[PDB]
>>> print(open('start-v5.cif').read())   # mmCIF, C-alpha atoms and all ligand atoms
data_coords
loop_
_atom_site.label_atom_id
_atom_site.label_comp_id
_atom_site.auth_asym_id
_atom_site.auth_seq_id
_atom_site.Cartn_x
_atom_site.Cartn_y
_atom_site.Cartn_z
CA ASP I 1 48.25 110.62 75.99
CA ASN I 2 50.42 107.55 76.36
CA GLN I 3 53.06 107.96 79.03
CA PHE I 4 55.84 106.98 76.52
CA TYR I 5 57.21 108.12 73.20
CA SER I 6 59.62 106.66 70.59
CA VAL I 7 62.86 107.96 68.99
CA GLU I 8 65.64 106.46 66.87
CA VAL I 9 69.26 106.04 67.93
CA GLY I 10 71.17 104.19 65.18
CA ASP I 11 69.14 101.07 64.39
CA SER I 12 67.55 101.20 67.87
CA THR I 13 64.15 102.44 68.86
CA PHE I 14 64.15 103.85 72.33
CA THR I 15 60.61 103.99 73.71
CA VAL I 16 60.81 105.92 76.96
CA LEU I 17 58.70 107.78 79.56
CA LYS I 18 57.89 111.35 78.51
CA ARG I 19 60.02 112.86 81.35
CA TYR I 20 63.28 111.81 79.60
CA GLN I 21 64.29 114.25 76.94
CA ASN I 22 67.01 114.87 74.35
CA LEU I 23 68.26 111.34 74.09
CA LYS I 24 71.88 111.19 72.83
CA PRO I 25 73.71 107.86 72.30
CA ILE I 26 76.79 107.54 74.52
CA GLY I 27 77.49 103.83 74.27
CA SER I 28 76.79 100.41 72.79
CA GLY I 29 77.56 98.10 75.73
CA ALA I 30 77.09 94.34 76.18
CA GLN I 31 73.41 93.63 76.98
CA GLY I 32 72.23 97.08 75.85
CA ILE I 33 72.51 100.46 74.16
CA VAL I 34 73.04 103.45 76.47
CA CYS I 35 71.71 107.04 76.06
CA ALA I 36 72.16 110.29 77.87
CA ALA I 37 68.96 112.18 78.55
CA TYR I 38 67.54 115.06 80.53
CA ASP I 39 65.00 114.03 83.11
CA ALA I 40 62.49 116.84 83.43
CA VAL I 41 61.02 115.61 86.72
CA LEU I 42 64.28 115.31 88.62
CA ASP I 43 65.89 118.20 86.71
CA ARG I 44 69.19 116.55 85.92
CA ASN I 45 70.75 114.44 83.22
CA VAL I 46 70.67 110.71 83.40
CA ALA I 47 71.82 107.58 81.59
CA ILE I 48 69.29 105.16 80.14
CA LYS I 49 70.16 101.67 79.15
CA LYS I 50 67.92 99.57 76.88
CA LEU I 51 67.99 95.86 77.58
CA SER I 52 66.55 94.10 74.49
CA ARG I 53 64.67 90.90 75.13
CA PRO I 54 67.07 90.19 78.01
CA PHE I 55 65.41 86.80 78.37
CA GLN I 56 66.74 85.81 74.94
CA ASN I 57 69.32 83.47 76.56
CA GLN I 58 70.54 82.42 79.96
CA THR I 59 73.63 84.58 80.12
CA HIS I 60 71.72 87.73 79.15
CA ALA I 61 68.97 86.74 81.50
CA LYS I 62 71.14 86.03 84.55
CA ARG I 63 73.11 89.30 84.07
CA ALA I 64 69.93 91.36 83.67
CA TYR I 65 68.29 89.81 86.71
CA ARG I 66 71.40 89.98 88.87
CA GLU I 67 71.87 93.64 87.73
CA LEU I 68 68.25 94.46 88.69
CA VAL I 69 68.28 92.92 92.14
CA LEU I 70 71.73 94.16 93.14
CA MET I 71 71.12 97.68 91.90
CA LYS I 72 67.88 97.99 93.75
CA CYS I 73 69.44 97.09 97.06
CA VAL I 74 73.00 98.47 97.00
CA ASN I 75 73.33 102.03 98.09
CA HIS I 76 76.90 103.36 97.97
CA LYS I 77 78.57 106.43 96.49
CA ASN I 78 80.93 104.19 94.51
CA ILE I 79 78.45 101.80 92.81
CA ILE I 80 76.19 103.34 90.15
CA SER I 81 72.71 103.74 91.60
CA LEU I 82 69.37 103.07 89.87
CA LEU I 83 67.06 106.10 89.61
CA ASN I 84 64.23 104.31 87.67
CA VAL I 85 63.20 101.05 85.94
CA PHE I 86 60.48 100.51 83.34
CA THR I 87 59.10 98.67 80.30
CA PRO I 88 56.75 100.27 77.72
CA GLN I 89 55.00 96.91 77.27
CA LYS I 90 51.89 96.41 79.37
CA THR I 91 51.67 92.67 80.23
CA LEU I 92 53.85 89.58 80.58
CA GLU I 93 53.03 88.44 77.00
CA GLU I 94 53.83 91.70 75.27
CA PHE I 95 56.86 92.17 77.58
CA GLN I 96 60.03 92.76 75.62
CA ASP I 97 62.39 95.41 76.88
CA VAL I 98 63.75 96.73 80.16
CA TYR I 99 65.09 100.28 80.57
CA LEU I 100 67.41 101.17 83.45
CA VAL I 101 67.73 104.81 84.37
CA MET I 102 70.96 105.78 86.14
CA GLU I 103 72.85 108.87 87.20
CA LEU I 104 75.04 110.24 84.46
CA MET I 105 78.79 110.61 84.98
CA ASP I 106 81.14 112.42 82.60
CA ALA I 107 83.37 109.61 81.18
CA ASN I 108 84.53 106.05 81.63
CA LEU I 109 87.93 104.88 82.93
CA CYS I 110 89.09 104.15 79.36
CA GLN I 111 89.18 107.89 78.61
CA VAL I 112 90.86 108.61 81.92
CA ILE I 113 93.54 106.04 81.15
CA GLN I 114 94.71 108.01 78.17
CA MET I 115 95.54 111.00 80.32
CA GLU I 116 98.34 111.74 82.78
CA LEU I 117 96.86 111.94 86.27
CA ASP I 118 98.53 113.64 89.21
CA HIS I 119 99.00 111.35 92.31
CA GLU I 120 96.26 112.88 94.34
CA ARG I 121 93.73 111.99 91.62
CA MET I 122 95.10 108.56 90.70
CA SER I 123 95.20 107.56 94.33
CA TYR I 124 91.61 108.94 94.82
CA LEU I 125 90.26 106.90 91.85
CA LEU I 126 91.96 103.83 93.23
CA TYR I 127 90.74 104.46 96.82
CA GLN I 128 87.21 104.64 95.37
CA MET I 129 87.53 101.43 93.40
CA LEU I 130 88.58 99.72 96.62
CA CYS I 131 85.63 101.17 98.57
CA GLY I 132 83.11 99.96 96.00
CA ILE I 133 84.73 96.54 95.93
CA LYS I 134 84.86 96.31 99.71
CA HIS I 135 81.16 97.04 99.80
CA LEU I 136 80.36 94.30 97.27
CA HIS I 137 82.58 91.90 99.27
CA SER I 138 80.72 92.65 102.49
CA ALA I 139 77.49 91.41 100.91
CA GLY I 140 79.36 88.40 99.56
CA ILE I 141 79.44 89.72 95.99
CA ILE I 142 82.80 89.01 94.39
CA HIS I 143 83.00 90.78 91.12
CA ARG I 144 85.63 88.97 89.07
CA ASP I 145 85.40 91.23 86.06
CA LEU I 146 86.46 94.78 86.86
CA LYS I 147 87.57 96.51 83.76
CA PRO I 148 87.97 100.13 82.91
CA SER I 149 84.96 100.12 80.62
CA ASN I 150 82.60 99.35 83.54
CA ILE I 151 83.98 102.15 85.63
CA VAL I 152 82.92 105.75 85.29
CA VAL I 153 84.08 109.09 86.61
CA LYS I 154 82.84 112.63 87.09
CA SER I 155 84.80 115.86 86.40
CA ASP I 156 85.52 116.24 90.11
CA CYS I 157 87.17 112.75 90.27
CA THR I 158 84.27 110.87 91.92
CA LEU I 159 84.04 107.32 90.56
CA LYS I 160 81.45 104.53 90.34
CA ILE I 161 81.42 100.94 89.29
CA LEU I 162 78.71 100.11 86.62
CA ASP I 163 78.18 96.39 87.06
CA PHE I 164 78.36 93.50 89.49
CA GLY I 165 80.65 91.23 87.57
CA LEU I 166 80.40 87.59 86.71
CA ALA I 167 77.68 85.17 87.88
CA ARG I 168 79.31 82.60 90.29
CA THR I 169 78.62 79.48 88.21
CA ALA I 170 78.20 79.78 84.36
CA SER I 171 77.27 79.82 79.10
CA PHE I 172 77.47 80.28 75.30
CA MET I 173 76.27 83.37 73.46
CA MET I 174 75.70 84.01 69.75
CA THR I 175 77.34 87.36 69.33
CA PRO I 176 79.53 89.67 67.19
CA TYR I 177 80.67 91.21 70.52
CA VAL I 178 83.83 89.67 72.09
CA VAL I 179 84.19 89.90 75.89
CA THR I 180 87.37 91.48 77.39
CA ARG I 181 89.67 89.13 79.35
CA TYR I 182 92.63 91.41 80.08
CA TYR I 183 91.86 92.17 83.79
CA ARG I 184 91.00 88.67 84.86
CA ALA I 185 92.94 87.09 87.73
CA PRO I 186 95.27 84.06 87.32
CA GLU I 187 92.87 82.01 89.45
CA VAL I 188 90.05 82.77 87.03
CA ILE I 189 92.14 82.15 83.90
CA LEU I 190 93.26 78.80 85.36
CA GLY I 191 89.80 78.05 86.90
CA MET I 192 91.19 77.37 90.33
CA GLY I 193 88.82 78.79 92.89
CA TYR I 194 89.13 82.34 94.06
CA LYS I 195 88.48 84.58 97.03
CA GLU I 196 87.88 88.29 97.69
CA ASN I 197 91.37 89.39 96.57
CA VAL I 198 90.55 88.12 93.04
CA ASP I 199 89.34 91.78 92.47
CA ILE I 200 92.74 93.16 93.57
CA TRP I 201 94.31 91.62 90.49
CA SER I 202 91.93 93.50 88.25
CA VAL I 203 92.61 96.75 90.17
CA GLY I 204 96.38 96.29 89.82
CA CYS I 205 95.91 95.71 86.10
CA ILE I 206 93.91 98.93 85.87
CA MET I 207 96.34 100.93 87.96
CA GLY I 208 99.16 99.50 85.84
CA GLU I 209 97.36 100.59 82.70
CA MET I 210 96.82 104.07 84.25
CA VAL I 211 100.57 104.52 84.60
CA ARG I 212 101.87 102.77 81.51
CA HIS I 213 98.97 103.87 79.13
CA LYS I 214 98.96 100.42 77.65
CA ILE I 215 96.88 97.43 78.49
CA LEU I 216 99.13 95.33 80.62
CA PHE I 217 98.18 91.85 79.35
CA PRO I 218 96.44 92.20 75.98
CA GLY I 219 95.84 88.55 75.02
CA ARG I 220 93.56 87.24 72.21
CA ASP I 221 92.59 84.20 74.30
CA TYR I 222 93.40 82.83 77.74
CA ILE I 223 96.53 81.02 76.39
CA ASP I 224 98.06 84.20 75.02
CA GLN I 225 97.04 86.11 78.15
CA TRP I 226 98.82 83.71 80.43
CA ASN I 227 101.99 84.15 78.36
CA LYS I 228 101.82 87.93 78.56
CA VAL I 229 101.49 87.50 82.33
CA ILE I 230 104.46 85.19 82.98
CA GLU I 231 106.70 87.10 80.56
CA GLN I 232 106.46 90.11 82.89
CA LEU I 233 105.84 88.88 86.45
CA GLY I 234 107.76 85.62 85.92
CA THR I 235 106.76 82.00 86.37
CA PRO I 236 104.97 81.40 89.66
CA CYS I 237 107.03 79.49 92.15
CA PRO I 238 106.30 75.73 92.73
CA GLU I 239 104.03 76.36 95.76
CA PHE I 240 101.43 77.98 93.47
CA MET I 241 101.48 75.19 90.87
CA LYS I 242 101.05 72.69 93.73
CA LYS I 243 97.55 74.23 94.14
CA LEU I 244 96.47 73.68 90.52
CA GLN I 245 94.66 70.63 89.10
CA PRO I 246 97.11 68.15 87.56
CA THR I 247 95.43 68.60 84.17
CA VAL I 248 96.06 72.41 84.00
CA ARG I 249 99.07 72.20 86.33
CA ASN I 250 100.65 70.04 83.65
CA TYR I 251 100.12 72.74 81.05
CA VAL I 252 101.37 75.52 83.34
CA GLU I 253 104.57 73.73 84.53
CA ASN I 254 105.32 73.21 80.84
CA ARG I 255 105.49 76.78 79.52
CA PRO I 256 108.87 78.34 78.84
CA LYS I 257 110.13 79.71 82.18
CA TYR I 258 110.75 83.34 83.05
CA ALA I 259 112.71 84.87 85.88
CA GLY I 260 110.50 87.79 84.93
CA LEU I 261 110.98 91.46 85.66
CA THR I 262 111.39 93.68 88.63
CA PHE I 263 108.91 96.50 89.41
CA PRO I 264 111.39 99.33 88.64
CA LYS I 265 111.83 97.62 85.26
CA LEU I 266 108.13 96.93 84.74
CA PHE I 267 107.11 100.47 85.73
CA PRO I 268 110.20 102.77 85.29
CA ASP I 269 110.59 106.11 87.09
CA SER I 270 109.88 108.02 83.83
CA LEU I 271 106.22 106.94 83.92
CA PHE I 272 105.47 108.78 87.14
CA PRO I 273 105.16 112.47 88.13
CA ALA I 274 108.54 112.68 89.82
CA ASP I 275 109.97 116.23 89.83
CA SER I 276 109.20 117.44 93.35
CA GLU I 277 109.93 115.45 96.46
CA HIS I 278 106.23 114.89 96.98
CA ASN I 279 106.00 113.29 93.67
CA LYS I 280 109.10 111.14 94.05
CA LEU I 281 107.83 109.80 97.36
CA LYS I 282 104.36 109.14 95.85
CA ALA I 283 105.88 107.38 92.79
CA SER I 284 107.80 105.08 95.09
CA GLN I 285 104.57 104.37 97.02
CA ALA I 286 102.65 103.80 93.83
CA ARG I 287 105.09 101.21 92.55
CA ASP I 288 105.15 99.55 95.94
CA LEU I 289 101.37 99.10 95.80
CA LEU I 290 101.43 97.78 92.22
CA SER I 291 104.01 95.14 93.27
CA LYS I 292 101.53 93.87 95.86
CA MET I 293 98.45 93.83 93.67
CA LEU I 294 100.05 92.27 90.61
CA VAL I 295 100.97 89.07 92.34
CA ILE I 296 100.01 85.85 90.56
CA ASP I 297 99.60 83.69 93.64
CA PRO I 298 96.54 85.02 95.49
CA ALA I 299 97.90 83.55 98.76
CA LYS I 300 100.69 86.14 98.47
CA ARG I 301 98.56 88.92 96.93
CA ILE I 302 97.48 91.95 99.03
CA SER I 303 93.88 92.15 100.26
CA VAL I 304 91.35 94.95 99.83
CA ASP I 305 91.72 95.84 103.55
CA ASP I 306 95.53 96.03 103.49
CA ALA I 307 95.50 98.00 100.20
CA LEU I 308 93.23 100.58 101.83
CA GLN I 309 95.74 100.77 104.74
CA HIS I 310 98.47 101.35 102.21
CA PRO I 311 100.39 104.66 102.36
CA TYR I 312 99.53 105.61 98.76
CA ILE I 313 95.83 105.09 99.46
CA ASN I 314 95.49 105.58 103.23
CA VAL I 315 95.31 109.36 102.91
CA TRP I 316 91.63 109.24 101.79
CA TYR I 317 90.43 106.64 104.27
CA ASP I 318 86.93 107.40 105.57
CA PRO I 319 85.15 104.84 107.78
CA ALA I 320 81.78 106.02 106.43
CA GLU I 321 82.94 105.07 102.88
CA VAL I 322 84.81 101.93 103.88
CA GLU I 323 82.75 100.41 106.63
CA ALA I 324 79.26 101.23 105.26
CA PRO I 325 76.42 98.89 106.34
CA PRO I 326 76.44 95.85 104.04
CA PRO I 327 73.68 95.44 101.43
CA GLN I 328 70.97 92.93 102.44
CA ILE I 329 70.09 90.67 99.50
CA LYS I 330 67.43 86.23 95.63
CA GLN I 331 69.13 83.77 97.96
CA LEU I 332 69.38 81.17 95.17
CA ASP I 333 71.11 83.95 93.19
CA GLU I 334 73.04 81.38 91.05
CA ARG I 335 70.04 79.55 89.60
CA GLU I 336 69.09 77.90 86.33
CA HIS I 337 65.94 78.66 84.35
CA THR I 338 64.29 78.37 81.01
CA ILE I 339 63.80 81.47 79.00
CA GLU I 340 60.09 81.53 79.62
CA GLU I 341 60.94 81.35 83.39
CA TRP I 342 63.54 84.15 83.14
CA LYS I 343 60.98 86.43 81.46
CA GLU I 344 58.70 85.82 84.40
CA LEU I 345 61.49 86.52 86.92
CA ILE I 346 62.65 89.74 85.31
CA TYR I 347 59.13 91.06 84.56
CA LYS I 348 58.14 90.46 88.22
CA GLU I 349 61.23 92.42 89.23
CA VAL I 350 60.56 95.26 86.77
CA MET I 351 57.00 95.50 88.17
CA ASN I 352 57.86 94.69 91.84
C1 LIG I 401 77.95 112.77 77.99
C2 LIG I 401 78.37 112.01 79.27
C3 LIG I 401 79.14 110.73 78.92
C4 LIG I 401 79.43 109.96 80.22
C5 LIG I 401 79.45 108.46 79.90
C6 LIG I 401 79.64 107.64 81.18
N1 LIG I 401 78.84 106.37 81.14
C7 LIG I 401 79.01 105.34 80.31
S1 LIG I 401 80.22 105.22 79.08
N2 LIG I 401 78.12 104.39 80.55
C8 LIG I 401 77.36 104.82 81.57
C9 LIG I 401 77.81 106.06 81.94
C10 LIG I 401 77.21 106.72 82.95
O1 LIG I 401 77.58 107.84 83.32
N3 LIG I 401 76.14 106.12 83.63
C11 LIG I 401 75.69 104.85 83.22
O2 LIG I 401 74.74 104.29 83.79
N4 LIG I 401 76.31 104.22 82.21
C12 LIG I 401 75.82 102.86 81.81
#
>>> encode(input="start-v5.cif", output="structure tokens")
Amino acid sequence: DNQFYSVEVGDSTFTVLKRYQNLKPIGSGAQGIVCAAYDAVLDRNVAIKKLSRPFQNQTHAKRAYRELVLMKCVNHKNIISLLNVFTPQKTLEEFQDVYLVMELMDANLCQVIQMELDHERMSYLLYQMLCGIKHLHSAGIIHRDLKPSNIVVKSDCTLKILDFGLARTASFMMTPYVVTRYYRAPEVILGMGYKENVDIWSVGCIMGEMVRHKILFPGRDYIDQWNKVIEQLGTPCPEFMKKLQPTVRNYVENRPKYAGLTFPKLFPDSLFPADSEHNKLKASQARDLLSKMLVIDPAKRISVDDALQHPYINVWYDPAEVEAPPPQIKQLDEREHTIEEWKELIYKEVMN
């Protein structure tokens, strides 16, 4: 009668509490493998993520720890919530793996992106991304890495963000897995200091992908990515370069120039539901919002608050969803530690 049992998924051994049944692999993420399971105590399905030796390096260890603390203390319909945490190992020395148990949704945004959504749905998804982001922002968490693979949806269009983004500071990782850059803001690509609206860029990139069914700026590296950006939106006016460091500013002011394209050209009428008057008016509103989110210079880019006040989005506005009490966060939450120290930190958190 041990409280745990073991089953194979690919080359993984999941060792989980006996309550969780019928493990099925649904994903091979970044820090871990993810499984769907039935939880016999709660009487519902759930997602279970195995973190392997998350203390292996500092990037894994910071993400895991940040994940743990933030997920324990954020409670919001639009950020995935933690049902349960555990390790099968019994002491600090045998300690190896962390399992997070979370509510199970039906799909991620990547699958949604390959379908044609009506405006009521697309706008609802977007409204919900903005709510979740606003909530993070109100606890001083700026995400910096929204991407459709860390967003998930249910069949009834409810949506939740999976992760809490980048760690403020940051670095190297021995991996076969390459990290996705396509939704990262100009200020992050050019390392120039960011604010809250850094997450609006990512949103606009996702909305733009939703409409076009094609990653907007699919670069192999940050160089390529910046080219794909200026090709379309055009070279940022002088005022924005003035804000860059002369070292990178040099590089930027030295690319081929682009007048760059107009929003009707970037996102043509054909891409939108536009047969009834409702839909023509919505399309117009959709394109208006994109043109304010996909703005290179964050001084000119729309904010989360304004984008929630936007016509396309405003319809769903609920002050319960939008002005929810901020999470209370641990303080040094951009800290440096040896691997032995990270193991301690994480273990203590898994055990409370
Ligand atoms: C048979 C249902 C497939 C739904 C997959 C959605 N999904 C993905 S993908 N990853 C996660 C989820 C999820 O719902 N909850 C989570 O905690 N994570 C990590």
>>> residues_near_ligand(input="start-v5.cif", ligand="ligand LIG 401 (chain I)", cutoff="12 Å", atoms="all atoms listed in the file", output="PyMOL selection string")
chain I and resi 22-38+45-51+67+71+79-84+99-112+148-155+158-163
>>> closest_residue(input="start-v5.cif", among="I:222, I:258, I:4, I:316", to="residue 90 (chain I)", atoms="all atoms listed in the file")
I:4
>>> atom_distance(input="start-v5.cif", atom1="CA of residue 20 (chain I)", atom2="CA of residue 41 (chain I)")
8.4 Å
>>> residues_around(input="start-v5.cif", residues="region 196-209 of chain I", least_positions_apart="4", cutoff="7 Å", atoms="all atoms listed in the file", output="list in words")
residues 113, 137, 142, 143, 144, 146, 147, 148, 183, 184, 185, 213, 214, 215, 216, 290, 293, 294, 298, 303 and 304 of chain I
>>> closest_residue(input="start-v5.cif", among="I:251, I:228, I:312, I:181", to="residue 281 (chain I)", atoms="all atoms listed in the file")
I:312
>>> atom_distance(input="start-v5.cif", atom1="CA of residue 210 (chain I)", atom2="CA of residue 260 (chain I)")
21.3 Å
>>> residues_around(input="start-v5.cif", residues="region 283-287 of chain I", least_positions_apart="5", cutoff="8 Å", atoms="only C-alpha atoms", output="PDB file with C-alpha atoms, keeping the file's coordinate frame")
ATOM      1  CA  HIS I 119      99.000 111.350  92.310  1.00  0.00           C
ATOM      2  CA  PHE I 263     108.910  96.500  89.410  1.00  0.00           C
ATOM      3  CA  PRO I 264     111.390  99.330  88.640  1.00  0.00           C
ATOM      4  CA  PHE I 267     107.110 100.470  85.730  1.00  0.00           C
ATOM      5  CA  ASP I 269     110.590 106.110  87.090  1.00  0.00           C
ATOM      6  CA  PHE I 272     105.470 108.780  87.140  1.00  0.00           C
ATOM      7  CA  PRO I 273     105.160 112.470  88.130  1.00  0.00           C
ATOM      8  CA  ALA I 274     108.540 112.680  89.820  1.00  0.00           C
ATOM      9  CA  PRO I 311     100.390 104.660 102.360  1.00  0.00           C
ATOM     10  CA  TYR I 312      99.530 105.610  98.760  1.00  0.00           C
TER      11      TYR I 312
END
>>> atom_distance(input="start-v5.cif", atom1="CA of residue 249 (chain I)", atom2="CA of residue 224 (chain I)")
16.5 Å
>>> axis_aligned_box(input="start-v5.cif", around="region 167-186 of chain I", padding_each_side="3 Å", output="JSON")
{"center_x": 85.5, "center_y": 85.8, "center_z": 78.7, "size_x": 25.6, "size_y": 18.7, "size_z": 29.1}
>>> closest_residue(input="start-v5.cif", among="I:98, I:73, I:346, I:126", to="residue 85 (chain I)", atoms="only C-alpha atoms")
I:98
>>> closest_residue(input="start-v5.cif", among="I:225, I:235, I:338, I:328", to="residue 74 (chain I)", atoms="all atoms listed in the file")
I:328
>>> residues_around(input="start-v5.cif", residues="residue 128 (chain I)", least_positions_apart="2", cutoff="10 Å", atoms="only C-alpha atoms", output="ChimeraX atom specification")
/I:77-79,122-126,130-134,157-161,308,313,316-317,321-322
>>> write_last_selection(input="start-v5.cif", atoms="C-alpha atoms", output="mmCIF file, in the coordinates of the input")
data_model
loop_
_atom_site.group_PDB
_atom_site.id
_atom_site.type_symbol
_atom_site.label_atom_id
_atom_site.label_comp_id
_atom_site.auth_asym_id
_atom_site.auth_seq_id
_atom_site.Cartn_x
_atom_site.Cartn_y
_atom_site.Cartn_z
ATOM 1 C CA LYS I 77 78.570 106.430 96.490
ATOM 2 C CA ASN I 78 80.930 104.190 94.510
ATOM 3 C CA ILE I 79 78.450 101.800 92.810
ATOM 4 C CA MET I 122 95.100 108.560 90.700
ATOM 5 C CA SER I 123 95.200 107.560 94.330
ATOM 6 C CA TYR I 124 91.610 108.940 94.820
ATOM 7 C CA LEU I 125 90.260 106.900 91.850
ATOM 8 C CA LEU I 126 91.960 103.830 93.230
ATOM 9 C CA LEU I 130 88.580 99.720 96.620
ATOM 10 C CA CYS I 131 85.630 101.170 98.570
ATOM 11 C CA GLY I 132 83.110 99.960 96.000
ATOM 12 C CA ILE I 133 84.730 96.540 95.930
ATOM 13 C CA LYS I 134 84.860 96.310 99.710
ATOM 14 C CA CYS I 157 87.170 112.750 90.270
ATOM 15 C CA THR I 158 84.270 110.870 91.920
ATOM 16 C CA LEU I 159 84.040 107.320 90.560
ATOM 17 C CA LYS I 160 81.450 104.530 90.340
ATOM 18 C CA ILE I 161 81.420 100.940 89.290
ATOM 19 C CA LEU I 308 93.230 100.580 101.830
ATOM 20 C CA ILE I 313 95.830 105.090 99.460
ATOM 21 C CA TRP I 316 91.630 109.240 101.790
ATOM 22 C CA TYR I 317 90.430 106.640 104.270
ATOM 23 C CA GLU I 321 82.940 105.070 102.880
ATOM 24 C CA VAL I 322 84.810 101.930 103.880
#
>>> closest_residue(input="start-v5.cif", among="I:223, I:7, I:332, I:61", to="residue 171 (chain I)", atoms="only C-alpha atoms")
I:61
>>> closest_residue(input="start-v5.cif", among="I:190, I:173, I:271, I:266", to="residue 115 (chain I)", atoms="only C-alpha atoms")
I:271
>>> decode(input="start-v5.cif", residues="region 22-60 of chain I", atoms="C-alpha atoms", output="CSV table (one decimal), in the first residue's frame")
chain,number,residue,atom,x,y,z
I,22,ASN,CA,-6.0,6.5,-17.2
I,23,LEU,CA,-3.0,8.6,-17.9
I,24,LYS,CA,-2.8,9.7,-21.6
I,25,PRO,CA,0.0,11.8,-23.0
I,26,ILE,CA,-1.2,15.1,-24.4
I,27,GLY,CA,2.0,17.0,-24.7
I,28,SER,CA,5.8,17.2,-24.5
I,29,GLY,CA,6.4,20.8,-23.3
I,30,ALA,CA,9.5,22.7,-22.2
I,31,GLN,CA,10.4,21.7,-18.6
I,32,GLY,CA,8.0,18.6,-18.6
I,33,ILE,CA,5.8,16.0,-20.1
I,34,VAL,CA,2.1,16.5,-19.7
I,35,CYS,CA,-0.7,13.8,-19.3
I,36,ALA,CA,-4.4,13.8,-19.1
I,37,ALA,CA,-5.9,11.8,-16.3
I,38,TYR,CA,-9.1,11.1,-14.4
I,39,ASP,CA,-8.9,12.1,-10.8
I,40,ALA,CA,-11.1,9.7,-8.8
I,41,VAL,CA,-11.3,11.9,-5.7
I,42,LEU,CA,-12.5,15.1,-7.4
I,43,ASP,CA,-14.4,13.2,-10.1
I,44,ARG,CA,-13.1,15.1,-13.1
I,45,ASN,CA,-10.3,15.0,-15.6
I,46,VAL,CA,-7.1,16.8,-15.0
I,47,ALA,CA,-3.7,17.6,-16.5
I,48,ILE,CA,-0.5,16.4,-14.9
I,49,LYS,CA,2.9,17.8,-15.7
I,50,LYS,CA,6.1,16.0,-14.7
I,51,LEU,CA,9.0,18.3,-14.0
I,52,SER,CA,12.2,16.1,-14.2
I,53,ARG,CA,15.0,17.2,-11.9
I,54,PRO,CA,13.9,20.8,-12.3
I,55,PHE,CA,17.0,21.8,-10.3
I,56,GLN,CA,19.2,20.5,-13.1
I,57,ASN,CA,20.1,24.1,-14.1
I,58,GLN,CA,19.2,27.6,-13.2
I,59,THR,CA,16.8,28.3,-16.0
I,60,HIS,CA,14.8,25.2,-15.3
